[PDB]
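Before any comments, here is the structure.
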Amino acid sequence: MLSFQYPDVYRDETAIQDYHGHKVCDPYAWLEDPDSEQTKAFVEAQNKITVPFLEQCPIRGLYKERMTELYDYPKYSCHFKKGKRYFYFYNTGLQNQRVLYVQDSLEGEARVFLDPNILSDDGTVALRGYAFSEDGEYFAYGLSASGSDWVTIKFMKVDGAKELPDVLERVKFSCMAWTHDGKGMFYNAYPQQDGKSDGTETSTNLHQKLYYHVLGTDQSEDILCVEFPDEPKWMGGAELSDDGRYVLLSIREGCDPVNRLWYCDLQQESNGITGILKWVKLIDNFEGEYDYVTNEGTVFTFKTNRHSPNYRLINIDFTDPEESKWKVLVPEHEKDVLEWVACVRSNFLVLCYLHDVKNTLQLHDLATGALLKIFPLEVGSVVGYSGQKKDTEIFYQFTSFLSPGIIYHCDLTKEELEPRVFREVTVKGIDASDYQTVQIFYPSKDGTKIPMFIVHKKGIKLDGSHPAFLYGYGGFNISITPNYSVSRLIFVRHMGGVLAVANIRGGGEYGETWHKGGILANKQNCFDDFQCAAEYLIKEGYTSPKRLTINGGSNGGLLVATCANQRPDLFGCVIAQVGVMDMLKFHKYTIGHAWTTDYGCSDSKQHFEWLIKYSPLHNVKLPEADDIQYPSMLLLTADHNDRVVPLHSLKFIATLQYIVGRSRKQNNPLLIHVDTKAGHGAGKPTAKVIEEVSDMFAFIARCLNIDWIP
């Protein structure tokens, strides 16, 4: 099937760097520049081979047709109230971007409030963050072009959906919080830098500052509220307490779930928002996370992981702040992770737990912390919720592997709390009853039991004949919970596949201990867990090595690329989306410096020793055995991505093609598809989503020669 000669790619053999005595050659270092003629030519040559390969077999057309039909279903978000009006996002089915609607009453006629589709024909302009003023009469929203992390904040007066003149530039990784006096809004922005700032650049992002914009003025007049000149990596986000009296400043450095917490009592300020607010440094260290829930006077309720890896709720009284005085409102659960908490109807708390990778939802009393009501849920995830302190009702959205989901509503003013189905859509073309989801726990190399969900057609014989698609992430305290994916269901129904999701360490499924078990010196545990998931599927008869595909994106891209290098014999196909491949240089680009909390940094000798062992780019090696070659591989990235710079995938594919692609025994393709006007993933328009999944599954079908099941 090999009808491709890989492109000529210059090797700069002089690119040698000493890492604590260890010489490392980076012959494709020049691919770090996305604007050079050399890099542009590289991309062009790679796509010249990948595109015809992907578009050759008719199965892609069949898949695309099926995806376009099945993905075409109404997609609603929960309703949420702001002031006297209700809002909700809704995509009729195939619009590139979902639209924000507004209605003056729960039973009132809805109208378009903000339609991002008219901002760009290809849907490359997407909403990225928003914030309503406390009274709900004004609205701020961020817009990102082509998936870039850079944002432009614009404003509207809600009544009449009137566009305002206010425009904020240089916004990135920003908070958006209006002061309750309705005068203005807090946000973050970066100092003007040379070069481009459109998502194509790779410049490191440092010195983020907190500004305050007074509505009706030019951005040049904004107040520089907080800056940390001596700590270039710190990021300070602001939020207002529910009563509008306190500005709470959460300071983060890196990606660990920890933050400093400072507060400014506005009642004690005499000159409004300035650059010299009288901050009280309540929590002035990075030892734990303090997520504001609500306050009653000086008694503040926080969700925290302080001495509680599964999280708990504590009350800190600003008038008696010493730790020994804090009160535990809802103790840490022995196993269940408290994911998030919201305060609603003044004195109720909605707590969302993760129990064995499945969400639970319940209501507690704010004053006593007592359990008041359990909201019954089937196996799945809570992916949406609405209900602030002043609200008297909640909406929540549930989803699962086999169903698009349901939006529930509960009027909290009733003595008897009866949650009712508010919105339920069914995908015509998929019969959920034909499939089943099972959860198993498999032992990893060190004996740790790891959860894995497996979705497949009911009644199949576990004879190892089925193609399988195994997904994982493993990092950053992120829990990979059940989600509805039409694309994956098409693989099951029309390609006869088995879906599997492994909840490997590094994630947050079992709290901070689960996260810590897959980071820094322990990162290899992630890879071992994932390799063991594959071995389980094979041993139990769900699939066989030659029929097994693994997939991951970003930190998940790192996962699958590492697994390809470490156990090429275990996989038939590997699809890595926007992966972090150069573990020695990741921290030098854009926001990569923030990831050192999970990976470590090569500037440290101890960390380099961990990194060099698994860095994908530095572990490409011909398999020793003559009967073993690398699996078919497909790397996906845009030529410009500011979250995970493209150079990771570009250098990795150049290395794979040179070291492995040239070997006589390598017959499986090693390809990269480089896209345009797309970024990390957020805000990706529908048209692009359909194209991407069609490419992915077409590639799997061709490499494994899978016949389409109509």
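Chain labels follow the order of the structure tokens: the first chain is A, the next B, and so on; residue numbering restarts at 1 in every chain, and ligands are counted from 1 in their shown order.
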So that I can see what lies close to residue 323 (chain A), please list as JSON, numbers by chain the residues with an atom at most 12 Å from it, counting only C-alpha atoms and leaving out residues fewer than 2 positions away in the same chain. {"A": [282, 283, 306, 307, 314, 315, 316, 317, 318, 320, 321, 325, 326, 327, 328]}
Got a sec: who's within 9 Å of residue 512 (chain A), counting only C-alpha atoms, leaving out chain neighbours fewer than 4 positions off, as a ChimeraX atom specification? /A:257,305,308-311,477,506-508,516-517
DSSP on the backbone, strand (DSSP E or B) only: what residues of region 481-671 of chain A does that give? Format it as a ChimeraX atom specification. /A:498-502,505,507,548-553,573-577,632-638,670-671
Using only C-alpha atoms, which of A:638, A:580, A:703, A:537 sits nearest residue 463 (chain A)?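 Result for the nearest residue to residue 463 (chain A): A:537.
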Sel. of helix (DSSP H, G or I) residues, region 259-361 of chain A, as an NGL selection string: :A and (266-268 or 323-325)
Leaving out residue 575 (chain A) and any residue of its chain fewer than 3 positions from it, which residues lie within 6 Å of it when counting only C-alpha atoms, given as a count of residues only? 4
Report as a ChimeraX atom specification all protein, DNA and RNA residues lying within 12 Å of residue 494 (chain A), evaluated on only C-alpha atoms, omitting residues in the same chain fewer than 4 positions from it. /A:59-60,62-67,429-430,456-457,467,486-490,498,697-698,701,706-710
Near-residue 343 (chain A) list (8 Å; only C-alpha atoms; drop same-chain fewer than 6 positions) as a PyMOL selection string: chain A and resi 293-294+349-350+366+387-389
Set the distance at 12 Å and use only C-alpha atoms: which residues neighbour residue 631 (chain A) once local chain neighbours fewer than 3 positions away are removed? I'd like the list as number ranges by chain. A: 545-550, 560-561, 563-575, 622-623, 628, 634, 656, 660-661, 665-671, 700, 703-704
May I have the residues within 6 Å of region 123-140 of chain A as a list in words, using only C-alpha atoms and disregarding those fewer than 4 positions away in the same chain?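 Result of the neighbour search: residues 82, 83, 96, 117, 144, 145, 146, 154, 155, 156, 157, 158, 176, 178, 180, 683 and 685 of chain A.
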Would you export the selected residues with N, CA, C and O atoms as a PDB file, in the first residue's frame, please?
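Written file, out-v4.pdb:
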```pdb
ATOM      1  N   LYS A  82     -30.195  35.901  33.941  1.00  0.00           N
ATOM      2  CA  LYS A  82     -29.350  37.058  34.218  1.00  0.00           C
ATOM      3  C   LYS A  82     -30.339  38.219  34.292  1.00  0.00           C
ATOM      4  O   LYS A  82     -31.026  38.523  33.318  1.00  0.00           O
ATOM      5  N   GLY A  83     -30.466  38.816  35.473  1.00  0.00           N
ATOM      6  CA  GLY A  83     -31.414  39.897  35.639  1.00  0.00           C
ATOM      7  C   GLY A  83     -32.815  39.335  35.460  1.00  0.00           C
ATOM      8  O   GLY A  83     -33.123  38.262  35.970  1.00  0.00           O
ATOM      9  N   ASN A  96     -22.080  26.451  12.144  1.00  0.00           N
ATOM     10  CA  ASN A  96     -20.678  26.386  12.524  1.00  0.00           C
ATOM     11  C   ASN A  96     -20.440  26.683  13.993  1.00  0.00           C
ATOM     12  O   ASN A  96     -19.587  26.054  14.623  1.00  0.00           O
ATOM     13  N   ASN A 117     -22.034  33.220  13.959  1.00  0.00           N
ATOM     14  CA  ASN A 117     -21.935  32.821  12.561  1.00  0.00           C
ATOM     15  C   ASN A 117     -21.893  33.969  11.581  1.00  0.00           C
ATOM     16  O   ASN A 117     -21.356  33.822  10.489  1.00  0.00           O
ATOM     17  N   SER A 144     -12.384  34.964  19.743  1.00  0.00           N
ATOM     18  CA  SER A 144     -11.105  34.420  19.326  1.00  0.00           C
ATOM     19  C   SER A 144     -11.162  34.090  17.848  1.00  0.00           C
ATOM     20  O   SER A 144     -12.163  33.579  17.359  1.00  0.00           O
ATOM     21  N   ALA A 145     -10.119  34.465  17.123  1.00  0.00           N
ATOM     22  CA  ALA A 145     -10.057  34.202  15.691  1.00  0.00           C
ATOM     23  C   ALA A 145      -9.164  33.008  15.396  1.00  0.00           C
ATOM     24  O   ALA A 145      -8.055  32.909  15.919  1.00  0.00           O
ATOM     25  N   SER A 146      -9.675  32.086  14.589  1.00  0.00           N
ATOM     26  CA  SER A 146      -8.936  30.898  14.170  1.00  0.00           C
ATOM     27  C   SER A 146      -8.381  30.022  15.290  1.00  0.00           C
ATOM     28  O   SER A 146      -7.309  29.428  15.160  1.00  0.00           O
ATOM     29  N   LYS A 154     -15.607  42.476  23.637  1.00  0.00           N
ATOM     30  CA  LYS A 154     -16.562  43.467  23.163  1.00  0.00           C
ATOM     31  C   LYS A 154     -17.732  43.518  24.140  1.00  0.00           C
ATOM     32  O   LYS A 154     -17.882  42.646  25.004  1.00  0.00           O
ATOM     33  N   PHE A 155     -18.559  44.548  24.011  1.00  0.00           N
ATOM     34  CA  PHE A 155     -19.674  44.764  24.929  1.00  0.00           C
ATOM     35  C   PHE A 155     -21.000  45.059  24.252  1.00  0.00           C
ATOM     36  O   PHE A 155     -21.048  45.612  23.152  1.00  0.00           O
ATOM     37  N   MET A 156     -22.070  44.771  24.979  1.00  0.00           N
ATOM     38  CA  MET A 156     -23.437  45.014  24.529  1.00  0.00           C
ATOM     39  C   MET A 156     -24.321  45.417  25.700  1.00  0.00           C
ATOM     40  O   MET A 156     -24.047  45.047  26.861  1.00  0.00           O
ATOM     41  N   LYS A 157     -25.340  46.226  25.404  1.00  0.00           N
ATOM     42  CA  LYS A 157     -26.346  46.570  26.397  1.00  0.00           C
ATOM     43  C   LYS A 157     -27.386  45.491  26.068  1.00  0.00           C
ATOM     44  O   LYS A 157     -27.755  45.321  24.901  1.00  0.00           O
ATOM     45  N   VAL A 158     -27.816  44.733  27.069  1.00  0.00           N
ATOM     46  CA  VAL A 158     -28.754  43.636  26.861  1.00  0.00           C
ATOM     47  C   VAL A 158     -30.095  44.026  26.259  1.00  0.00           C
ATOM     48  O   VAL A 158     -30.582  43.372  25.328  1.00  0.00           O
ATOM     49  N   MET A 176     -13.147  37.658  33.752  1.00  0.00           N
ATOM     50  CA  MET A 176     -14.085  38.692  33.311  1.00  0.00           C
ATOM     51  C   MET A 176     -15.025  38.844  34.496  1.00  0.00           C
ATOM     52  O   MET A 176     -15.847  37.959  34.748  1.00  0.00           O
ATOM     53  N   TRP A 178     -17.461  41.829  36.534  1.00  0.00           N
ATOM     54  CA  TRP A 178     -17.978  43.174  36.728  1.00  0.00           C
ATOM     55  C   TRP A 178     -18.109  43.536  38.197  1.00  0.00           C
ATOM     56  O   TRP A 178     -18.541  42.716  39.004  1.00  0.00           O
ATOM     57  N   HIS A 180     -20.087  45.186  41.202  1.00  0.00           N
ATOM     58  CA  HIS A 180     -21.524  45.314  41.390  1.00  0.00           C
ATOM     59  C   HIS A 180     -22.106  46.706  41.266  1.00  0.00           C
ATOM     60  O   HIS A 180     -23.321  46.849  41.198  1.00  0.00           O
ATOM     61  N   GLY A 683     -13.784  26.204  20.183  1.00  0.00           N
ATOM     62  CA  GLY A 683     -14.428  27.014  19.164  1.00  0.00           C
ATOM     63  C   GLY A 683     -14.312  26.508  17.737  1.00  0.00           C
ATOM     64  O   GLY A 683     -14.643  27.237  16.807  1.00  0.00           O
ATOM     65  N   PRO A 685     -15.228  25.213  14.362  1.00  0.00           N
ATOM     66  CA  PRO A 685     -16.535  25.173  13.703  1.00  0.00           C
ATOM     67  C   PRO A 685     -16.950  23.767  13.281  1.00  0.00           C
ATOM     68  O   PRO A 685     -16.109  22.925  12.941  1.00  0.00           O
TER      69      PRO A 685
END
```
